[PDB]
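Chemist: Got a structure for you, written out below as structure tokens; questions coming shortly.
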Amino acid sequence: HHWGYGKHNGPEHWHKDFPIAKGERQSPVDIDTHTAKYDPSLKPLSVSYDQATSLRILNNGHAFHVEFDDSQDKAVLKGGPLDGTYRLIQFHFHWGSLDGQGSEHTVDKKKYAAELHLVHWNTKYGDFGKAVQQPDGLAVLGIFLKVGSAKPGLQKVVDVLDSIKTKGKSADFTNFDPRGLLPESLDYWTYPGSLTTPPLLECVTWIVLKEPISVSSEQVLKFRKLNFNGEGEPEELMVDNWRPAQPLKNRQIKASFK
Ligand SMILES: [Zn+2]
């Protein structure tokens, strides 16, 4: 028995094992576009993914993660509200059982079909493990997905999902370019928050892009064929692996655009 997204172990139950779930800077949150403050001092984001080296894709029972080689500054995020260099370690998604839900963050209460999270850690801390224990340890880039036209750059990911259907399965996933998942504009909102899955540590500087990317119904449908369970167990479809919006509390959301 452990945390999950079911009726008996879902987000509403997480606080029992992870008290920080009721903390002061929990994520996700609803982004009120009219209350967000334009900050002229916010620098443009600098995304350098030209040398990215993907290694593997795996189903960890909560979602599927694409892992990268983070032993050198191959794929990094700089600028914006960040101080220093952050290395990309993995990316994963959050999606729903229907196109009307799936994203973790919401914009003026609007929910998207899914949300992509590109996780980076502050190189000043040496490794991911040390970084999650710091208030400025991680930088997660959040991108919304809406259903419409297909996204060619996402197809390589959808085609390998069959090989990692159940919890615990992993497969080689080399030469994947994450640049094909980015929208045209890099305008964003930013706030101090946390990881949206246990341990729910409050070590993240969220950077949520304003422009969503479009994916086809067929592409998101394949996400929904994954399983929460491991092989040889009752099939439980991996859907609605998202945490509901949390109280903003004493926090301000800043925007890089007016
Ligand atoms: Zn996530």
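In the structure tokens, each chain is lettered A, B, ... as it comes, each chain's residues begin at 1, and ligands are numbered from 1 in order of appearance.
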Enumerate residues in contact with ligand 1: an atom-to-atom distance of at most 9 Å, counting only C-alpha atoms and all ligand atoms. Format the result as number ranges by chain.
Modeler: A: 63, 91-94, 104, 115-119, 140, 142, 195-197, 242
Chemist: Skip stretch 200-205 of chain A itself and residues of its chain fewer than 3 positions away, then list as a ChimeraX atom specification all residues within 10 Å of it, counting only C-alpha atoms.
Modeler: /A:14-15,18-27,81-82,119-121,131-141,190-197,208
Chemist: Using only C-alpha atoms, which protein or nucleic acid residues come within 12 Å of residue A:16? Drop anything in the same chain fewer than 5 positions from it, and give the result as an MDAnalysis selection string.
Modeler: chainID A and resid 2:3 9:11 21:22 198:199
Chemist: Quick one, how far is atom CA of residue A:185 from atom CA of residue A:53?
Modeler: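 Distance between the two atoms: 23.8 Å.
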Chemist: I'd like the interatomic distance between atom CA of residue A:171 and atom CA of residue A:56, to a tenth of an Å.
Modeler: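 These atoms are spaced 5.7 Å apart.
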Chemist: Interatomic distance between atom CA of residue A:177 and atom CA of residue A:55?
Modeler: 11.4 Å
Chemist: Applying 10 Å and only C-alpha atoms, which residues near residue A:68 remain after dropping the ones on its own chain fewer than 2 positions away? List them as a PDB file with N, CA, C and O atoms, in the first residue's frame.
Modeler:
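File produced: around-v9.pdb:
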ATOM      1  N   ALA A  52      21.253  17.742 -25.862  1.00  0.00           N
ATOM      2  CA  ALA A  52      20.535  16.798 -25.013  1.00  0.00           C
ATOM      3  C   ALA A  52      20.780  15.338 -25.386  1.00  0.00           C
ATOM      4  O   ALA A  52      20.842  14.985 -26.566  1.00  0.00           O
ATOM      5  N   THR A  53      20.921  14.496 -24.368  1.00  0.00           N
ATOM      6  CA  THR A  53      21.138  13.068 -24.569  1.00  0.00           C
ATOM      7  C   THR A  53      20.130  12.267 -23.751  1.00  0.00           C
ATOM      8  O   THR A  53      20.296  12.094 -22.543  1.00  0.00           O
ATOM      9  N   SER A  54      19.074  11.794 -24.405  1.00  0.00           N
ATOM     10  CA  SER A  54      18.068  10.998 -23.712  1.00  0.00           C
ATOM     11  C   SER A  54      18.644   9.602 -23.520  1.00  0.00           C
ATOM     12  O   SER A  54      19.456   9.140 -24.322  1.00  0.00           O
ATOM     13  N   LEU A  55      18.231   8.933 -22.454  1.00  0.00           N
ATOM     14  CA  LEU A  55      18.750   7.604 -22.163  1.00  0.00           C
ATOM     15  C   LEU A  55      17.703   6.507 -22.147  1.00  0.00           C
ATOM     16  O   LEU A  55      17.852   5.472 -22.804  1.00  0.00           O
ATOM     17  N   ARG A  56      16.634   6.736 -21.398  1.00  0.00           N
ATOM     18  CA  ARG A  56      15.614   5.720 -21.261  1.00  0.00           C
ATOM     19  C   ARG A  56      14.249   6.293 -20.933  1.00  0.00           C
ATOM     20  O   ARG A  56      14.128   7.442 -20.514  1.00  0.00           O
ATOM     21  N   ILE A  57      13.225   5.476 -21.145  1.00  0.00           N
ATOM     22  CA  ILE A  57      11.859   5.862 -20.830  1.00  0.00           C
ATOM     23  C   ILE A  57      11.357   4.768 -19.898  1.00  0.00           C
ATOM     24  O   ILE A  57      11.636   3.586 -20.115  1.00  0.00           O
ATOM     25  N   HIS A  65       8.381   8.429 -17.515  1.00  0.00           N
ATOM     26  CA  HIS A  65       9.426   9.439 -17.514  1.00  0.00           C
ATOM     27  C   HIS A  65      10.481   9.162 -18.569  1.00  0.00           C
ATOM     28  O   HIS A  65      10.858   8.014 -18.788  1.00  0.00           O
ATOM     29  N   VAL A  66      10.868  10.204 -19.252  1.00  0.00           N
ATOM     30  CA  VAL A  66      12.008  10.137 -20.158  1.00  0.00           C
ATOM     31  C   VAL A  66      13.263  10.695 -19.494  1.00  0.00           C
ATOM     32  O   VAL A  66      13.180  11.858 -19.081  1.00  0.00           O
ATOM     33  N   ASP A  70      22.525  13.680 -17.187  1.00  0.00           N
ATOM     34  CA  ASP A  70      22.743  14.961 -16.532  1.00  0.00           C
ATOM     35  C   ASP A  70      24.101  15.024 -15.836  1.00  0.00           C
ATOM     36  O   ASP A  70      24.238  15.661 -14.794  1.00  0.00           O
ATOM     37  N   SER A  71      25.099  14.364 -16.421  1.00  0.00           N
ATOM     38  CA  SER A  71      26.450  14.350 -15.856  1.00  0.00           C
ATOM     39  C   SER A  71      27.285  15.531 -16.351  1.00  0.00           C
ATOM     40  O   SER A  71      28.418  15.732 -15.907  1.00  0.00           O
ATOM     41  N   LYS A  74      24.696  19.412 -20.744  1.00  0.00           N
ATOM     42  CA  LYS A  74      24.287  19.110 -22.114  1.00  0.00           C
ATOM     43  C   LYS A  74      22.976  19.791 -22.493  1.00  0.00           C
ATOM     44  O   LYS A  74      22.837  20.325 -23.594  1.00  0.00           O
ATOM     45  N   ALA A  75      22.010  19.748 -21.584  1.00  0.00           N
ATOM     46  CA  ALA A  75      20.707  20.361 -21.811  1.00  0.00           C
ATOM     47  C   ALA A  75      20.414  21.197 -20.576  1.00  0.00           C
ATOM     48  O   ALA A  75      20.146  20.652 -19.508  1.00  0.00           O
ATOM     49  N   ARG A  87      20.194  21.896 -14.943  1.00  0.00           N
ATOM     50  CA  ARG A  87      20.302  20.784 -15.888  1.00  0.00           C
ATOM     51  C   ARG A  87      19.047  19.934 -15.988  1.00  0.00           C
ATOM     52  O   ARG A  87      18.466  19.538 -14.977  1.00  0.00           O
ATOM     53  N   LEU A  88      18.658  19.622 -17.221  1.00  0.00           N
ATOM     54  CA  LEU A  88      17.496  18.785 -17.468  1.00  0.00           C
ATOM     55  C   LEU A  88      17.806  17.350 -17.042  1.00  0.00           C
ATOM     56  O   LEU A  88      18.837  16.794 -17.432  1.00  0.00           O
ATOM     57  N   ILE A  89      16.931  16.751 -16.238  1.00  0.00           N
ATOM     58  CA  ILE A  89      17.143  15.369 -15.808  1.00  0.00           C
ATOM     59  C   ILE A  89      16.069  14.430 -16.367  1.00  0.00           C
ATOM     60  O   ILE A  89      16.363  13.297 -16.750  1.00  0.00           O
ATOM     61  N   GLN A  90      14.827  14.904 -16.445  1.00  0.00           N
ATOM     62  CA  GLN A  90      13.742  14.075 -16.969  1.00  0.00           C
ATOM     63  C   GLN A  90      12.521  14.911 -17.301  1.00  0.00           C
ATOM     64  O   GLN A  90      12.413  16.057 -16.879  1.00  0.00           O
ATOM     65  N   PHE A  91      11.622  14.344 -18.098  1.00  0.00           N
ATOM     66  CA  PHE A  91      10.359  15.011 -18.375  1.00  0.00           C
ATOM     67  C   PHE A  91       9.289  13.935 -18.327  1.00  0.00           C
ATOM     68  O   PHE A  91       9.564  12.750 -18.553  1.00  0.00           O
ATOM     69  N   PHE A 173      15.747   4.671 -24.936  1.00  0.00           N
ATOM     70  CA  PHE A 173      15.098   5.765 -25.640  1.00  0.00           C
ATOM     71  C   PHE A 173      16.148   6.823 -25.921  1.00  0.00           C
ATOM     72  O   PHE A 173      16.233   7.835 -25.228  1.00  0.00           O
ATOM     73  N   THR A 174      16.954   6.577 -26.946  1.00  0.00           N
ATOM     74  CA  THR A 174      18.022   7.492 -27.306  1.00  0.00           C
ATOM     75  C   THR A 174      17.690   8.414 -28.467  1.00  0.00           C
ATOM     76  O   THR A 174      16.759   8.177 -29.240  1.00  0.00           O
ATOM     77  N   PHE A 176      16.354  11.399 -28.601  1.00  0.00           N
ATOM     78  CA  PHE A 176      15.083  12.106 -28.627  1.00  0.00           C
ATOM     79  C   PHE A 176      15.409  13.570 -28.368  1.00  0.00           C
ATOM     80  O   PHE A 176      16.117  13.888 -27.416  1.00  0.00           O
TER      81      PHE A 176
END
Chemist: Just the residues within 9 Å of residue A:96, please, counting only C-alpha atoms, with nothing from its chain fewer than 2 positions along; format it as a ChimeraX atom specification.
Modeler: /A:94,98-103,112-114,224,238-242
Chemist: Take the residues that were just selected and, keeping C-alpha atoms, output them as a PDB file, in the first residue's frame.
Modeler:
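See again.pdb below for the written result:
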ATOM      1  CA  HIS A  94      -0.023  14.424 -16.479  1.00  0.00           C
ATOM      2  CA  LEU A  98     -11.265  12.862 -20.916  1.00  0.00           C
ATOM      3  CA  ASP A  99      -9.973  15.818 -22.960  1.00  0.00           C
ATOM      4  CA  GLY A 100     -11.596  18.264 -20.532  1.00  0.00           C
ATOM      5  CA  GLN A 101      -9.175  17.507 -17.705  1.00  0.00           C
ATOM      6  CA  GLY A 102      -5.615  16.392 -17.137  1.00  0.00           C
ATOM      7  CA  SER A 103      -3.469  19.442 -16.444  1.00  0.00           C
ATOM      8  CA  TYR A 112      -6.109  21.457 -20.304  1.00  0.00           C
ATOM      9  CA  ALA A 113      -5.962  17.872 -21.612  1.00  0.00           C
ATOM     10  CA  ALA A 114      -2.482  17.319 -20.210  1.00  0.00           C
ATOM     11  CA  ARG A 224      -4.498   6.465 -21.693  1.00  0.00           C
ATOM     12  CA  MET A 238      -3.215   5.148 -16.019  1.00  0.00           C
ATOM     13  CA  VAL A 239      -5.509   8.171 -16.324  1.00  0.00           C
ATOM     14  CA  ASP A 240      -6.137  11.274 -14.221  1.00  0.00           C
ATOM     15  CA  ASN A 241      -2.671  11.214 -12.686  1.00  0.00           C
ATOM     16  CA  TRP A 242      -2.964  14.876 -11.738  1.00  0.00           C
TER      17      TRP A 242
END
Chemist: Within 12 Å of residue A:163, counting only C-alpha atoms, which residues show up once you throw out same-chain ones fewer than 4 positions away? Write them as a PyMOL selection string, please.
Modeler: chain A and resi 56-59+64+157-159+167-173+222+225-227+231
Chemist: For residue A:46, which residue among A:31, A:186, A:147, A:107 is the nearest when counting only C-alpha atoms?
Modeler: A:186
Chemist: Which parts of stretch 149-252 of chain A does DSSP call alpha helix (DSSP H) when run on the backbone here, written out as a VMD selection string?
Modeler: chain A and resid 155 to 160 217 to 223
Chemist: Measuring atom to atom with only C-alpha atoms, identify which of A:212, A:28, A:80, A:232 is nearest to residue A:246.
Modeler: A:28
Chemist: Could you find all residues in stretch 8-218 of chain A that DSSP calls strand (DSSP E) from the backbone, and write them as a ChimeraX atom specification?
Modeler: /A:30-31,37-38,45-48,54-59,64-68,76-79,86-95,106-107,114-122,138-147,170-172,188-193,204-209,213-215
Chemist: Which of these residues is nearest to residue A:182, using only C-alpha atoms: A:220, A:42, A:143, A:36?
Modeler: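 Of A:220, A:42, A:143, A:36, the one nearest residue A:182 is A:143, counting only C-alpha atoms.
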Chemist: Choose the residue, out of A:162, A:17, A:73, A:235, that has the smallest atom-to-atom separation from residue A:122; count only C-alpha atoms.
Modeler: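 Of the candidates, the smallest distance to residue A:122 is held by A:73.
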Chemist: Name the closest residue to residue A:126 among the candidates A:49, A:209, A:245, A:86; distances are taken between atoms, counting only C-alpha atoms.
Modeler: A:86
Chemist: Could you name the residues that touch residue A:180 at 12 Å or less, counting only C-alpha atoms, but leaving out those on the same chain fewer than 6 positions away, as a VMD selection string?
Modeler: chain A and resid 49 to 50 151 to 157 213 to 215
